[PDB]
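In: these are from a larger complex, still in place; more later:
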Amino acid sequence: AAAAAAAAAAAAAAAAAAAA
Amino acid sequence: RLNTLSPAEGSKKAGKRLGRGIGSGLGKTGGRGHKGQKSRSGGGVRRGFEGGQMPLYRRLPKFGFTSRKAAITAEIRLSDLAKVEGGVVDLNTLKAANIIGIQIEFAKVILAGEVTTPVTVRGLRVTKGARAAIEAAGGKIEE
Amino acid sequence: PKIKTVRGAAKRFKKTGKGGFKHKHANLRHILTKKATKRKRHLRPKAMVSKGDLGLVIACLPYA
Amino acid sequence: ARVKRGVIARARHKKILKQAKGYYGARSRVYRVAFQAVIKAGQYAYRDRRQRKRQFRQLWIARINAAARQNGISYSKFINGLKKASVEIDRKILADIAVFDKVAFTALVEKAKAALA
Amino acid sequence: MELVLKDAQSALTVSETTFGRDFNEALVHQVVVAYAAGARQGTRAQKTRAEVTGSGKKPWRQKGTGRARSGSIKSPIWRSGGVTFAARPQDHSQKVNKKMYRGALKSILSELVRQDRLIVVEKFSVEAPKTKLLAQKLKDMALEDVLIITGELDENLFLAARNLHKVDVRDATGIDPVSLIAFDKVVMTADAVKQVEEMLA
């Protein structure tokens, strides 16, 4: 009955802005 | 009478519970409107502050000047020379009558009530109707 | 700790027999010949407040 | 003096949910979407409370109309006959009494055709 | 006026502004609230979000991700908590004038008189520690719920009064409202009343 669970915070962005 | 104790006709009236209750009329910003420095936080709107204008007192000029001679010249009443006992009345006697303090140096006797006590306004500056209430009545004047 | 006054303000204002305060008036300082001597005169003596001002000048003097 | 916020939460919920039964899907189950539901519920009750006396004051008129039509006159002409007759207005709901006795209604009709006439 | 007597029932009529004082709840209902407030430790637990054992480490690296808009784990809205107006040392002692103070114990006095429950009996002092003598002292005079309030000094009387929680140690000089009010029979010597006058009014 061990437990280990973290939280994640890293980006899912890769896509670039529209119409600058 | 640990159960008959109570506010007389709502004498201790209960306070607000703002920040709660929709139907209360005190919910969410319930007495400071929506937005602005009226709402929000930051100590509220600053003292002296009256818009991004200058104060009205910074469009009036100053003039004061404190002599601190007037600060030590007190104003005692004529009928409050009744409140020490004895005929012999001085400046350092009226310390004791709690009305002339240590940093109090000078004082005028101002009209207000009849003394009734016969008094010597020795050590004290004096007004024209105060001295003539003690020449209307018993008294002595020579200071 | 104790509440404070705007000192500055406190010499534009002087107390009275009522809650009122007395102040001096504007346009007295230089260029006094292109201001009327009649203009200057009606501005020379002290005069009591006009209200609508009272709650920001007791908020500069909580000590009367 | 920590206050644990009573049990006052899912107790004042407990009301709503019990008065919110009978409802298809999460409309009753979920407290959020059984409160914006309970609102709307009451709102309608209060709405339709007055619509009762509309929809009946259509239902009545309708059927008084059919009755009289078959006999003699129109609706218009009828009603202005209980009127022209005086205390015997008989309401509109209880103008209809033709359900278990047509001839009960028919008497008013004939009486009213002569009041008009 | 009537505060009874040892062997009789009589008036003593040492005041009539302390025992002819007319009664309004309102004054007393302030004083009694003070005695309660002014026995009340103000020195409370809790801690603020500055006084958290946390740190400013930020659980996001600004926008780029949308787990929370909070920059802190020293927030008071956190699992850690913080509480925005956390308890600490606070004062709870009120002023109350000396003339309200006396004022109360004069209306309250002159209310027990109107509700005949104030008893002046003398020589209720006890010879020895043994509370079976301080039992019979109340009992035989058909009293319970007492204060046993006197300015006089008998230490065996202070000691013995501590057992049984329907009586506590009371003194004329130590006098207050709440103690009169609760402990309905009110027990005092001829000497006690004479001193109670100067102390109060």
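Out: Received it, and whenever you're ready, just let me know what you need. Numbers count the residues shown, from 1 in each chain, chains lettered A, B, ... in the order given.

In: For the residue in chain A that chain B sits nearest to, give me its contacts.
Out: Using Cβ to the nearest Cβ, the point where chain A gets nearest to chain B is residue A:9, with a distance of 28.8 Å. Every C-beta, even on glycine, is put in place using the N, C-alpha and C of the backbone. By Cβ atoms under 8 Å, 6 or more residues apart in numbering or on different chains, the residues touching residue A:9 are E:59, E:60, E:61, E:65, E:67.

In: now do residue E:164
Out: Contacts of residue E:164 (Cβ under 8 Å, 6+ apart): residue E:131.

In: in which helix or strand would I find the residue of chain A found nearest chain C?
Out: Proximity of chain A to chain C (Cβ to the nearest Cβ) peaks at residue A:9, 43.8 Å away. Using DSSP states H and E, no element contains residue A:9; it sits outside every helix and strand.

In: Regarding it, what are the backbone dihedral angles?
Out: phi -160, psi 10 (degrees, to the nearest 10).

In: Out of the contacts of residue A:9, the closest to residue E:184 would be?
Out: Ranked by distance to residue E:184 (Cβ to Cβ), the contacts of residue A:9 are led by residue E:59 at 62.0 Å.

In: burial of whatever residue of chain B ends up closest to chain A, as a residue count?
Out: Closest contact between chain B and chain A, by Cβ to the nearest Cβ, is at residue B:41 (28.8 Å). Neighbourhood size, residue B:41 [other Cβ atoms under 10 Å in any protein chain shown]: 6.

In: now swap in residue E:163 and tell me
Out: Around residue E:163 there are 11 residues (other Cβ under 10 Å).

In: from what I can see it touches residue E:130, true?
Out: No: using Cβ atoms under 8 Å, residue E:163 is not in contact with residue E:130; the gap is 10.6 Å.

In: can you tell me the helix or strand for the residue of chain B closest to chain A?
Out: Judged by DSSP H and E, residue B:41 forms part of no helix or strand.

In: Write out the residues of chain E neighbouring chain B.
Out: By Cβ under 8 Å from any Cβ of the partner chain, the residues of chain E that approach chain B are E:24, E:25, E:26, E:28, E:29, E:32, E:108, E:111, E:178, E:181, E:182.

In: Now do the same contact list for residue C:54.
Out: Residue C:54 touches residue C:19, counting by Cβ under 8 Å, 6+ apart.

In: That one and chain A, how far apart?
Out: Distance of residue C:54 to chain A, computed by Cβ to the nearest Cβ, to the nearest Å: 55 Å.

In: Drop RNA strand F onto that structure:
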RNA sequence: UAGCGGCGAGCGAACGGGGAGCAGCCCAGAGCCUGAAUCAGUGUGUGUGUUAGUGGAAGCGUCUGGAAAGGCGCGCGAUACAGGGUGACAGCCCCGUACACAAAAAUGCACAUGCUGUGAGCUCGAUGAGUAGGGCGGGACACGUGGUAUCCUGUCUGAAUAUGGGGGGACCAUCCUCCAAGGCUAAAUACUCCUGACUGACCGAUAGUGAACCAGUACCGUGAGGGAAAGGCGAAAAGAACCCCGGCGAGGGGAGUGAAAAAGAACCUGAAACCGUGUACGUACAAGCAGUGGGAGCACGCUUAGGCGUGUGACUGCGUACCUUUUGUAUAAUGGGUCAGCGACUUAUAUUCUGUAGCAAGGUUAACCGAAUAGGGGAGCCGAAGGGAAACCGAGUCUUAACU
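Out: RNA strand F now in position relative to the chains above:
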């Protein structure tokens, strides 16, 4: 408050007053008597305190109950009814408790007195130079050089020597008052990692410290550092022999244990979300915030005589979610997966109103002492008289020569 102040924001005393608490002394030198006070440190003891602890009181009957400490009935102890524990809420069941005792030693504190060193007590001398001022530049004073003293002093000078010198806020004078540039000193007061004892309108397991549980742990980071979760069966382990299914399984069912096992170890009470199973009823030609009003049919309680209630709702009239922000949102504008818990106008002080109480031309004490909420303590603060910039005058007073 005075005053300083891009006279902005703001900073903010002192003098004086009341208290708390109070002791003064050496050296810059010759004496005179020559440990003489006085401390200090060494003794050695007397007392008291602490660090071990000890003793320490008085109830039974009966009823309900798994069990009595509850109820009922009859008693008793109290310098002890503080608290905790013991099978439910116990003064008399136990541990304690007040109270009364108790130290081999080791030390805290007073005092006893030896020694050791210290230097006193009378005479007469002494009265702190590269310094104080001052020029230059800063800092500290409430005080930003500003009219700006004064104090600290990095730089450069540079004075007097008690018929003298310093200061009293530019500065001189006068007058008052004091002697720097040598040095030490108790107390009143501040603070709390830690120790003990107690107390709390402080918390009670998402709280309280992070942390009641092998927690600064596990984990996370190269590091510095960051940093959780996870409490409870029951009165008592009596922790379920034995039998059975199964894989000498797990797990479950029985069987007993137990007052309870929906008390069985993921164990208290066990909600809610969520997800099933059953039963009743409805529903597979009908469009849309899914509900609401009407309302047929059906099952139940028969409505137990009665056309009724409960549950359900075909059909049919209505009816575009909530919050927010807006000129305006059903909006394809915002937010919300849902649920539980938690989460945001307070608190401290001063101040101003309003109400209300107390005392009322007086009101009221602050800090503090204190048998510490009492009582004592009016220092003081505010009003009762204002006007003026002040000087000053006062029911008037400025303005002004002026009364108009």
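
In: please look at the contacts of residue A:9 again, because RNA strand F has been put in.
Out: E:59, E:60, E:61, E:65, E:67.

In: Check residue E:1 too.
Out: E:11, E:12, E:13, E:16, E:19, E:20, E:113 are the contacts of residue E:1 under Cβ under 8 Å, 6+ apart.

In: out of the residues you listed, which one sits closest to residue D:46?
Out: Nearest to residue D:46 among the contacts of residue E:1: residue E:113, at 60.7 Å, using Cβ to Cβ.

In: State the number of residues packed around the nearest residue to the closest one once chain neighbours are set aside.
Out: Computed as Cβ to Cβ, 6 or more residues apart in numbering or on different chains, the closest residue to residue E:113 that is not its neighbour in sequence is residue E:19, at 5.6 Å. Using other Cβ under 10 Å, residue E:19 has 23 neighbouring residues.

In: From residue E:100, how far out is the closest residue to chain C within chain E?
Out: Of all residues in chain E, residue E:91 sits closest to chain C, at 15.1 Å by Cβ to the nearest Cβ. From residue E:91 across to residue E:100, the span is 19 Å (Cβ to Cβ, to the nearest Å).

In: who has more neighbours, the two?
Out: Shown here are residue E:91 and residue E:100; by other Cβ under 10 Å, residue E:100 has more neighbours (15 against 7).

In: quick one: residue C:44 from chain A, how far?
Out: Distance from residue C:44 to chain A, by Cβ to the nearest Cβ: 66 Å.

In: Which residues are in contact with that residue?
Out: C:25, C:28.

In: now, the most widely separated pair of the contacts of residue E:1?
Out: Maximum distance among these (Cβ to Cβ): 13.1 Å, for E:12 and E:20.

In: Between the two, which is the more surrounded one?
Out: With neighbours defined as other Cβ under 10 Å, residue E:12 and residue E:20 compare such that residue E:12 has more, 15 against 12.

In: and the closest residue to that one other than its chain neighbours, how many neighbours does it have?
Out: Excluding its sequence neighbours, the residue lying closest to residue E:12 (Cβ to Cβ, 6+ apart) is residue E:3, at 5.5 Å. Per other Cβ under 10 Å, the neighbour tally for residue E:3 reads 22.

In: Verify the stated contact: residue E:3 with residue E:193.
Out: Yes: Residue E:3 lies in contact with residue E:193 (Cβ under 8 Å); the separation is 6.5 Å.

In: what residues does the longest helix seen in chain E touch?
Out: In chain E, taking DSSP state H as the definition, the longest helix is helix E:25-37. With contacts defined as Cβ under 8 Å, 6+ apart, helix E:25-37 is touched by B:1-2, B:4-8, B:11, E:92-94, E:96, E:100-101, E:103-104, E:107-108, E:176-178, E:181.
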